[PDB]
Amino acid sequence: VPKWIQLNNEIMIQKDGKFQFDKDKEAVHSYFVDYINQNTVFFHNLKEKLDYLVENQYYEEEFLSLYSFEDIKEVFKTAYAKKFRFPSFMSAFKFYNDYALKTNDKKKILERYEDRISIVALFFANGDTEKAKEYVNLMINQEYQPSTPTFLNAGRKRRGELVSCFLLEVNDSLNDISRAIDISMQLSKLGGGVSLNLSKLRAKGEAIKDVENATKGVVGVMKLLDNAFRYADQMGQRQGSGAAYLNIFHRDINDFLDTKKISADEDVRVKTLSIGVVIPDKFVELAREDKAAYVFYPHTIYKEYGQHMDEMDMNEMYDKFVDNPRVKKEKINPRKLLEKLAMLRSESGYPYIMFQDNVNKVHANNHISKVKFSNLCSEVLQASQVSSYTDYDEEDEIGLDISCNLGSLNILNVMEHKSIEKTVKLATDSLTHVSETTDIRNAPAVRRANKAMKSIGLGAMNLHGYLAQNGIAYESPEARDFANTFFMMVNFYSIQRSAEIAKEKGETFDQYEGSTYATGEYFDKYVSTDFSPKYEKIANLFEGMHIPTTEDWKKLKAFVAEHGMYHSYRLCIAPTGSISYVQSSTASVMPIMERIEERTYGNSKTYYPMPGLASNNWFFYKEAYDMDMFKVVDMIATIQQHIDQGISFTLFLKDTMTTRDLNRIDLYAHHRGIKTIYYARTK
Amino acid sequence: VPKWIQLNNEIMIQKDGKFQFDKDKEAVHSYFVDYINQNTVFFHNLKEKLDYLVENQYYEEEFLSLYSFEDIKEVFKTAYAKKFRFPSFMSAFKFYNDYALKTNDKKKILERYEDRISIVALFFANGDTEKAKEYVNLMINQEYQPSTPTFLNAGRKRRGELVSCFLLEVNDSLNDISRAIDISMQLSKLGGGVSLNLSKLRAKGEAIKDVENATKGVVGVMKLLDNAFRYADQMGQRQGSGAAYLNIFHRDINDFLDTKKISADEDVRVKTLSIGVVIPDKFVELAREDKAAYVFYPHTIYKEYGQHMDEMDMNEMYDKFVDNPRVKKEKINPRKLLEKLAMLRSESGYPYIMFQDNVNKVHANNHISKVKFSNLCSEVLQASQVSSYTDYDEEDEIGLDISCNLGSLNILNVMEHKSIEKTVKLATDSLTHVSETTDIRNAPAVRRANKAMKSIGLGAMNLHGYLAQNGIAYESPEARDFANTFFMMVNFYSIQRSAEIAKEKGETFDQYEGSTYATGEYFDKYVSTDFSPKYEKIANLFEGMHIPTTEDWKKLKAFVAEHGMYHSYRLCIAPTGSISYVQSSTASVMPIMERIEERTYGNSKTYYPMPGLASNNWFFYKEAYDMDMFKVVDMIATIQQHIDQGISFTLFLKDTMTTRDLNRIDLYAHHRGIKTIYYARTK
Amino acid sequence: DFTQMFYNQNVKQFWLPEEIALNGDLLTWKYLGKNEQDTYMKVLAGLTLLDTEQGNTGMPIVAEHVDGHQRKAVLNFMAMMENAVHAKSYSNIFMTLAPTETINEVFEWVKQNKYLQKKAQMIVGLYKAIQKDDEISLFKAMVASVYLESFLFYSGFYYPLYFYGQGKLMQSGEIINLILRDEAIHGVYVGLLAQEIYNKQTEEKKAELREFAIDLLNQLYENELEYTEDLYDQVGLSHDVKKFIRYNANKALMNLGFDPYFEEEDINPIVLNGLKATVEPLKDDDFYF
Amino acid sequence: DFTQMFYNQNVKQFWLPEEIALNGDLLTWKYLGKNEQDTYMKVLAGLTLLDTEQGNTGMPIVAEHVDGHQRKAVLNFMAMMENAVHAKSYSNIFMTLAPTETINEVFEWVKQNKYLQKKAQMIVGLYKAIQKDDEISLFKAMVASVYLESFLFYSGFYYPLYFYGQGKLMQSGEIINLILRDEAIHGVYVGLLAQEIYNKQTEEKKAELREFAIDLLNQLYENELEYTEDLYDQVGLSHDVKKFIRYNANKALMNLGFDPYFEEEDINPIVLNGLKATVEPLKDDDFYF
Ligand SMILES: Cc1cn([C@H]2C[C@H](O)[C@@H](COP(=O)(O)OP(=O)(O)OP(=O)(O)O)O2)c(=O)[nH]c1=O
Ligand SMILES: Nc1nc2c(ncn2[C@H]2C[C@H](O)[C@@H](COP(=O)(O)OP(=O)(O)O)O2)c(=O)[nH]1
Ligand SMILES: Nc1nc2c(ncn2[C@H]2C[C@H](O)[C@@H](COP(=O)(O)OP(=O)(O)O)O2)c(=O)[nH]1
Ligand SMILES: [Mg+2]
Ligand SMILES: [Mg+2]
Ligand SMILES: [Mn+2]
Ligand SMILES: [Mn+2]
Ligand SMILES: [Mn+2]
Ligand SMILES: [Mn+2]
């Protein structure tokens, strides 16, 4: 047995009635001095290291050529001057197993944490030495963490894309379905997760050029996409991950949901394709009144009205669709559909739930389009325009397919450094650079929307870690007060940085003038309502850091109206799965699942206590399954009001609660303004 | 039970020790008089019928506008002047159930046999009244039958394509694989069978741009294509049919064959994808000497030589591949692979066997490319060039994908009319017209090859019917003598008509100058060997008909050298499945499977004696299973020497036949020059 | 060629009465008229009584005389479903809808009923007439069994399916649909076992067995018409029930490999809404000719 | 007083071998000596034979003669388990671990093995001797059935349990434990029915029935000793298995209401170590907060 995992297993050996949490420091120390320093390739000087990495196709020469070697040396000194030490064995293990650069035979270790951070910072700065040092300080202090694609691939030659979330709109044609399959395979080949909207596709039993009952529905396209994602699996190390989204008023909604039933046949069930359901407020209203709802055939609506069903407002056109004889509709029970959704989430965790009117009542770019679906992680909520891929000889009408670069603030380290403003602005700059350097040459709509929208996603993590290490319960009103103030400040500084970038570059995102930022309606609750902490305990947490007031928000509103905004979307809170270990942080803004997390890697068993877990804060680290999901919904809705995109909201369910409890949680989330619900995790 | 169904069922009722074959005339008469004349929409004049058909979106106004109504009336007069009568109930039933035009609700009948033939002839002539009358005489005499797509769809507004066989090359790239899936779905949507060459795709466990062992091989593409064909199911009318071809020296050949095993896993098995194996002479030579053979990874060969493995001559390149250390291979047993092929054909009828060197030793367009694979029916053998489908922004390099137009001479009717020359030339003209009028907007390589090659397929049928009705056994040497003479004449007149068309249009097919037609090497066996019948009985069959001599072939060679050749390919003997009933003919050049065909339509069972079956010729209608497959191979090889493309050669096996017997049949077919083997049908 | 496939389909259809909660049927039961409640009770008792014969005698007697371990196992499984699942399910439906005294009276009535008794005793008579090592008598019993599974039950199934298709008595209708789905596969399976015997016979013996099957069908059919009028005239449904009987008679015949007897008819849409040769190596000289 | 609780226990214990994936045993099987694999195959084949006859003959025949629809439902369910579940599970194990030729050979070996034929002859003979309305012949067959359930299986069960207890062949072992769990309740149930008949007799008749039971046990025991030696001598375990079968013979006697016959002995401790979310409808008040 390895010495470091033997030391790491001494955490669970209870001495004097307490877990030996200090063993993890010894565990990581032994891990380093017995595996990492031994397996680390060391060069005489940094120049030899960089030459070796560039020559052997490990790094990219173009980005390293913008700095003189003295500047690169200064950046590396800045990284190593911090003398960063991993606080736990899991942090270092995850870094050196997932993100640290290794030789071509996966034998030795080329990059330390400081080397990777310095390379990412030099990639972000794009020739600026001082900006590179600022990025080094930001990441070595672990105030900001670039997403897994960016952190893993920044500055590497044989790399995937820095963006891993893509959203595709599929038009109701065979050419568009073929192009969707092709683009899905191309993006899965790049390593990204692809989400597809299947609402515009006509339902099963619709006509294909005046021959009736000819269309196979969305389930045939679902099978096509599932096999396309199985094919493009990148060695199978990380198999192709796709998501399909369907509006709840699509006729194929029941067959769409039946693809996830355990008793589904092999000719229907999809395995590699996650599913999400988009629910307008009309469906919730119909289920609330116990009235008879109707699902519609999309092609009939398109023929009758000239627009797709999901491109229309269901809360204003549902009655017109029902009364229209030329529209084909099927009678359903909305409460039965809700119960089926709850049962499917209990048994499989699917579908993802998107509350469409919750997304679009606060959506800033409804002039471009309404948000019709989310991503594979169920937190990207941006306007999309469907493309019209025509025959080979004809020109294609390229729409807007969503993609944003992810990045997380570490709430604990940002709050410790009293650096919300600087961290948010530097992270915004880094995400802007990642957006600018991304060029997808096989997804035309993704490329066009990346150039036009310039959307970024700046998330946060370690919310529960910060609260538990500060003696605040996750369900407590003080926690929601802190989240309100913190994320209002993050929104303020992200909007300020976007406006400053627009002023400097002299350009805004496409169709900015129609957005709510340009009209000033976005800032109504910010110029009217003060978001300063209401509790003295929370107010001391922000001591030494200026909290923008209503006057500051009015000044920012004037600044945005006079200079514009560079990013259509700025903030989205992703799950942040594996980078949470490296940053020694709790995953996303969701509460922790286990206080001490037990994992098996190969034939070795190791335990990961939550960051900062001890006996003085053991009960503040309440597990997500033991807490009220209504209070978690309250917390996420408090955070969501300052986030322009969505939040990956996992529901943590006990075995005792029925499908009625899951439905009640979903309805309370819809009532409280929750935009999306990610997973129904059951213990 | 219908009266005609009862009358047709009285054939099996044996009266005086003989079948009541005359009951089928009563059966068809009753069928007509009781159902067809009742359900046939009648109009006061032909003008009213034509106006109703064009205005109700049944016909195309474009081709009918090319004639004055007087010319169309005279064409219809010519069709009805023959007073054509269906000899059997099954002929009329098949026509009026598969090809006759019906109302949009499929309740009444708009088209009789004469109306369908007149419309097809008017479409063929393209404005020529005398040519239309000639086509009417050719088809109402049932000397020439256009293929099911052409016969069914010609002159129809809501029609599929007139071509149903397509052959696609798939390049070793994700872009090309996605484009292949798209084109396969587009062509299956049109109702055409699609054949895909998978030999260029790199095998399983190959490197993808420095990531070794990352390719799923040809089986992942096979699953993608199977799901693509299942989705593109011809508007839910007829199941989507596709074929995949792999070289026997491809590394994935065993995985390719395992997709057809009855015990195949659901993640390996393909359902709607037929498989064909391409076998060079090198494999047969290795199996003959029992030397252990090697299957090669195609990407290693492409990297080492810059050419695809299937683009190179395995006879000269096999030793170089084996001796090359940079070419990856694994040992196989060629005899074990042959036994596996025979076992698979016994169990499921798959794969098709294409003898690569038998095709290419007589191929007239080896300069353009070698023939690497066949179609879904194993008779189309043409040169193909793989397309390089690049990224979306870049320009694609369009190659040549095979698609030929099918037509069948009725050997019995052509022989009784003494009109081999006239029928062959008119059929060539009609196939040329179908080729010119075909434009496919989503298969650029198919369209380019149709425009450039101008290849057609003129088949033959009713060989066994003609022989049995003339007192000649199918396995007899006299039958092979007749086949030799008849198909030599067909080849002579097809070459003459092609050269005449080239002279008239002043253009040949693309890259004709490199063909064996241009150099005269094609005509060597025709200017050196006499193909007149060697039997007095056979020579009497051709009485009143000039059999081309050696001097005639020399004159044709001079004419082709002077004026060129319009069609790269002219003759291919397709199975001719359903059009054989309408023509009262035995299917293709194959012998009959059963003397009397027992089939069930709806809830009523039907009986179909072979055309011309009686007491006097009962034993000349020997069933195919009772025949010696070596003699059938001899017959097909006699025909194959005059057919530039292949022949759909079905093996008819008894249950007592072993794997060794099937292998012996395959090896004798290879020895005798058979190009392709279609099916292993076991009784 | 078929027993392992039927084994799979049978065991994967396994279910238990407890899975369907029955109490919510009282919310539609209370709104039916007396004639509707009376017909339902009588139909239900008819099905119960016939299914008991199949569980106690029909399936076990066939399992006893059929040779083959795998066939005996499938037949045992089917007998289990009759006795352990179906019988408990019918009892549960009754106990939910009627008080104890009403159940006892309905069973007394149906037990004395001329048309129910005629068919029940005709079927049981053929089961009792099976003789050891006599495949002809076994075949006759199999025909009787197929007629019960695929035909005689359906004059009864009609009514629960009729309600089920209208949104009435949905819980008991779900149970009946599961039962019916089991009887369908039972009928198909026993049908294949009967065809196996039939195919071993001479042409004269076959013609004689066909005459037996058609004659038996005729006797049962004429009694079904009387049974149908007796139960369904009071609720006005007999015409449509008769179409359903003939349609299911045709299915039973097809299960026995026989042609349909009755012309094709459309069914009530409410009821519809409710409803390796030999591997040999190449030994050289096969490559030379 | 007991049938309903046995009915509920039997149906709640329902299982299929396909629920257990067997490919996990592939390596621990590969690692056994040829002697060990031979004994293991033969042991399970002997079990397969017993379950074949218990399912085809024993349980159905006892079901036929026992009065009461609920008692018959339990016995029918037990019969189904014997041949549709238990006997089949052994083939699942064989098909995973062994090549077809070894499987063919072991089934040929059961046909010619004299101890296995003798025990089948004796047990099945008693089943087929049951006379309608003759409670004594029925009692004798129930004693035979208890001896099959609670005694005869155990010379076979020893070896899978012996491996399970060492952490070897644990997937196959899981199947065997499920089979054993079933047989334990089958032996108790049939034992209670046998006691019912015994308790109706005069003291003189009871004395004769005890003689029958003890004579039969001794005769089966002596045969089982020879069978045990024949199978286990090559793996060195015969004496240990003999202690186990004596232990279980006492349990069989106890299931019949008789005193233990063999003295207690220490059994191998290895062998001792070898031993959706609820759907709730949404209320109207659930939509307001
Ligand atoms: C061709 C084809 C289409 N479809 C479905 C998927 C598409 O969403 C939908 C549109 O097909 P299209 O490619 O648009 O077919 P079309 O343009 O000829 O028909 P239309 O005039 O009605 O637009 O039909 C199938 O389900 N199966 C098929 O084989
Ligand atoms: N020597 C050396 N330095 C490395 C390596 N990887 C990262 N570094 C960092 C450590 C220092 O902060 C910085 C400069 O190291 P150096 O080139 O040895 O310079 P110096 O120590 O002579 O000033 O580079 C490495 O492999 N070797
Ligand atoms: N009248 C009529 N003729 C039809 C129809 N379908 C095909 N025909 C053919 C029959 C004749 O050969 C030809 C001309 O028919 P017509 O218009 O009645 O001609 P005419 O005999 O009055 O000059 O058209 C049809 O529906 N009606
Ligand atoms: Mg379209
Ligand atoms: Mg490539
Ligand atoms: Mn039943
Ligand atoms: Mn039944
Ligand atoms: Mn058992
Ligand atoms: Mn038992």
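- Method of determination, as given in the entry header: cryo-EM; reported resolution: 4.01 Å.

## Digging into the overall build of chain A
Here is step 1 of the chain: Along its length, chain A carries 29 helices and 16 strands.
Here is step 2 of the chain: For chain A, whose C-alpha radius of gyration is 25 Å, the value lies close to the compact-globule estimate of 26 Å for 683 residues.
Here is step 3 of the chain: Across its three principal directions, the C-alpha atoms of chain A cover 80 × 60 × 60 Å.
Here is step 4 of the chain: Looking at chain A as a whole, 64% of its 683 residues qualify as buried.
Here is step 5 of the chain: Looking at chain A alone, contacts between residues at least 24 apart form 77% of all its contacts between residues at least 6 apart.
Here is step 6 of the chain: Of the roughly 24200 Å² of accessible surface on chain A, a fraction of 47% belongs to carbon and sulfur atoms.
Here is step 7 of the chain: Side-chain charges of chain A comprise 87 positive and 95 negative groups, with the mean position of each set lying 3 Å from the other.

## Digging into the site of ligand 2
Residues and elements named next belong to chain A.
Here is step 1 of the chain: The local shell around ligand 2 consists of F42, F43, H44, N45, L46, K49, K73, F76, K77, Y80 and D115.
Here is step 2 of the chain: Measuring from an oxygen atom of ligand 2, one finds a backbone N or O atom of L46 at 2.5 Å.
Here is step 3 of the chain: Taking 540 Å² as the accessible area of ligand 2 by itself, protein coverage stands at 73%.
Here is step 4 of the chain: Of all elements in the fold, only α3 (46-55) and α5 (69-81) reach the threshold of two or more residues within the shell around ligand 2.

## Re the relation of the copies chain B and chain A
Comparison of the two chain copies shows a relationship of rotation about an axis with a shift along it.
Here is step 1 of the chain: Of the transformation superimposing chain B on chain A, the axial component is 0.0 Å and the angular component is 180°, with the fit at an RMSD of 0.3 Å. In short, the pair behaves as if placed about a two-fold rotation axis.
Here is step 2 of the chain: Mapped onto chain A, 84% of the interface residues of chain B are again interface residues, and the two copies thus contact each other with one and the same surface.

## Here's the deal with the coordination of the manganese ion (ligand 6)
A four-donor tetrahedral metal ideally has 109.5 degree angles, and a six-donor octahedral metal ideally has angles of 90 or 180 degrees.
Residue and element names in this part refer to chain C.
Here is step 1 of the chain: The manganese ion (ligand 6) binds to the protein through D51 (OD), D51 (OD), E82 (OE), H86 (ND1) and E183 (OE); the donor distances cover 2.0 to 2.3 Å.
Here is step 2 of the chain: If you list the donors of the manganese ion (ligand 6) from N- to C-terminus, the spacing comes out as D-x30-E-x3-H-x96-E.
Here is step 3 of the chain: A distance of 3.9 Å spans the gap from the manganese ion (ligand 6) to the manganese ion (ligand 7), which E82 bridges by coordinating each metal. Taken together, the positions of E82 in helix α4 (residues 69-97) and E183 in helix α9 (residues 170-198) put the pair 101 residues apart, joining distant regions of the chain. Taken individually, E82 and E183 each receive the classification buried, so the pair is uniform in this respect.

## Notes on the pairing of strand β8 (residues 352-355) of chain A
Residues and elements named next belong to chain A.
Here is step 1 of the chain: Side chains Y352 and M354 of β8 all project onto a buried face; the interleaved residues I353 and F355 project onto the opposite face, where all are buried too.
Here is step 2 of the chain: Where strand β5 (residues 273-279) lies against β8, four bridges are found, and the strand directions are parallel. Opposite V277, over in β8, you have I353 as the bridge partner.
Here is step 3 of the chain: By the bridge criterion, two bridges tie β8 to strand β15 (residues 676-677) in an arrangement that is antiparallel. Considered in β15, the bridge of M354 is made with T676.

## Details of the coordination of the manganese ion (ligand 8)
Residues and elements named next belong to chain D.
Here is step 1 of the chain: In the first shell of the manganese ion (ligand 8), the protein supplies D51 (OD), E82 (OE), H86 (ND1), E183 (OE) and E183 (OE), at 2.0 to 2.7 Å from the metal.
Here is step 2 of the chain: Mapped onto the sequence, the donors of the manganese ion (ligand 8) take the spacing D-x30-E-x3-H-x96-E.
Here is step 3 of the chain: Under the relative-accessibility criterion, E82 is labelled buried at 0%.

## Focus: the site of ligand 1
Here is step 1 of the chain: Taken together, 15 residues form the shell around ligand 1, and within it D172(A), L174(A), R202(A), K216(A) and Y231(B) come nearest.
Here is step 2 of the chain: Chains contributing residues to the immediate surroundings of ligand 1 are chains A and B.
Here is step 3 of the chain: Within the side chain of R202(A), one N or O atom sits 2.9 Å away from an oxygen atom of ligand 1.
Here is step 4 of the chain: For ligand 1, an oxygen atom lies 3.2 Å from a polar atom in the backbone of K216(A).
Here is step 5 of the chain: Protein burial of ligand 1: of its 600 Å² of free accessible surface, 86% is covered by the chains.
Here is step 6 of the chain: A per-class count over the shell around ligand 1 returns six nonpolar, three polar and six charged.

## Structural notes on the environment of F249(B)
All names here are of chain B.
Here is step 1 of the chain: By secondary structure assignment, the location of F249 is in the loop between β4 (242-247) and α12 (253-258).
Here is step 2 of the chain: When the C-alpha positions of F249 and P280 are compared, they lie 8.4 Å apart, and in sequence the two are 31 residues distant.
Here is step 3 of the chain: Residues contacting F249, with those up to four places away along its chain left out, are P280, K282, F283, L286, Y294, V295, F296, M309, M314 and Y318.

## Describing the interface of chain B and chain A
Here is step 1 of the chain: Taken residue by residue, the interface counts 37 residues in chain B and 36 residues in chain A.
Here is step 2 of the chain: Interface area, chain B with chain A, both sides summed: about 3400 Å², of which 58% is carbon and sulfur.
Here is step 3 of the chain: Summed over the shared surface of chain B and chain A, the number is five salt bridges.
Here is step 4 of the chain: Taken together, the connections running from chain B to chain A amount to 11 residue pairs in polar contact.
Here is step 5 of the chain: Counting only elements with at least two residues in the side of chain B that touches chain A, the list comes to α10 (174-189) and α11 (218-231) of chain B.

## A word on the interface of chain C and chain D
Here is step 1 of the chain: Taken together, the contact pairs 16 residues of chain C with 18 residues of chain D.
Here is step 2 of the chain: Taking both sides of the interface into account, the surface hidden between chain C and chain D amounts to around 1500 Å²; carbon and sulfur atoms contribute 63%.
Here is step 3 of the chain: Our count for the contact surface shared by chain C and chain D stands at zero salt bridges.
Here is step 4 of the chain: Those elements that place two or more of their residues in the side of chain C that touches chain D are α1 (3-12), α3 (34-65) and α4 of chain C.
Here is step 5 of the chain: With 10 residues, α4(C) is the single largest residue contributor to the side of chain C that touches chain D.
Here is step 6 of the chain: Looking at the side of chain C that touches chain D residue by residue, the classes come out as nine nonpolar, five polar and two charged.

Criteria and thresholds
Within every chain, numbering proceeds from 1 in written sequence order, not necessarily in step with the numbering of the entry, and residues without coordinates do not appear. Chains carry letters from A onward and ligands carry numbers from 1 onward, assigned in written order. For the side-chain quantities, the full set of heavy atoms in the structure was used; hydrogens and water were omitted. Only runs of H or I of at least four residues qualify as helices and only runs of E of at least two qualify as strands under DSSP, and these elements are numbered from the N terminus. For a compact globule the rule gives 2.2 Å times the number of residues to the power 0.38, and the radius of gyration it is set against comes from C-alpha atoms. A simple rule labels every residue: compare its accessible area, found with a 1.4 Å probe on the protein chains alone, to the largest value its type can have, and call it buried under 20%, exposed over 50%, or partly exposed in between. Residue contacts are defined here by distance: any two heavy atoms, one from each residue, within 4.5 Å place the two residues in contact. Accessible surface area values rest on a Shrake-Rupley calculation with a 1.4 Å probe, where residue burial reflects the displayed protein chains alone. Charged residues are defined narrowly, with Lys and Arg counted positive, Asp and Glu counted negative, and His plus the chain ends left uncounted. To locate a charge, take atom NZ for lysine, CZ for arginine, CG for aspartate or CD for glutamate. Residues are labelled near a given molecule or strand when at least one of their non-hydrogen atoms is within 4 Å of it. In the analysis that follows, any N or O atom pair within 3.5 Å is treated as a polar contact, provided that within protein one partner can donate a hydrogen and the other can accept it, and provided that, for residues neighboring in sequence, both atoms belong to side chains. Just so you know, the copies are superposed with least squares on the C-alpha atoms alone. A 2.8 Å cut-off from the metal defines N, O and S donors, relaxed to 3.2 Å for Na, K and Ca; water is not in the atom list, so some sites may appear incomplete. The criterion for strand pairing is that DSSP finds at least two bridges linking the strands in question. Residues are grouped as follows: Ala, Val, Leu, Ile, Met, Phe, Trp, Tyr, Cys and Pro are nonpolar; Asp, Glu, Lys and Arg are charged; all remaining types, including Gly, are polar. Here the quantity called buried area is the accessible surface, traced with a 1.4 Å probe, that two parts lose on coming together, added over both. By definition, a salt bridge exists where a carboxyl oxygen of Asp or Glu is found within 4 Å of a side-chain nitrogen of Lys or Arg.

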